[PDB]
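Next up: just one chain, as structure tokens, the form deposited in one PDB entry.
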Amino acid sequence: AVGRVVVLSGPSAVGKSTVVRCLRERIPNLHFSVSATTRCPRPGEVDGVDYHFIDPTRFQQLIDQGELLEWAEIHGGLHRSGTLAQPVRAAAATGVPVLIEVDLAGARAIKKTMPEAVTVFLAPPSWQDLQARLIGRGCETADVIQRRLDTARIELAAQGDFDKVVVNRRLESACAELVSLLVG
């Protein structure tokens, strides 16, 4: 039986990371997609675990050869990152569940290159919930905050493009629904 491939996305700052650690603890053999990158390893990073560290040129080949489900310029083109197709495919073929965490542009991209992946939008339990998180301690300027609220509204409007919507009402219930998606 082919492993399920789930693509997890949502608004920047909806609390995506916290759900991700829950899923990793709750599913022992879950394959968390390890992004390819062209930047250099920081100390303590392991190739094949934190990232697949490949050089700019080899990365360009992979792009050209259709080997990336998604890729993007990082820091305006300082370097690139993306999701390699092969390990996802090899994982699913071995029957292990696969989780890929990306931004909305990345999830959109992956749908085209791998339509059998299940795209999931992690939604806030309400607008006010999200707005409270975005204002947070109010350490940022009005302009920045206005910009964030506008970005949130645009991202939220995208949620219809996704295969599934998971409402982040409660960590454990959000986590639970995702587990149900990943393991058949």
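Counting begins at 1, following the sequence as shown.
Absent from the display: the form deposited with a small molecule bound. The rest refers to it.
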| message | Please determine whether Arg39 contacts the small molecule in the deposited bound form, using a 4.5 Å cut-off between heavy atoms. | response | yes
| Taking heavy atoms only, is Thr119 within 4.5 angstroms of the small molecule in the deposited bound form? | no
| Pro97 near the small molecule in the deposited bound form, any heavy atom under 4.5 Å? | no
| field | Exercise: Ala72 in contact with the small molecule in the deposited bound form, heavy atom 4.5 Å | value | yes
| request: Select, from the options 151 to 159, 127 to 135, 39 to 47, 111 to 119, the stretch whose residues sit within 4.5 angstroms of the small molecule in the deposited bound form by heavy atom distance. | output: 39 to 47
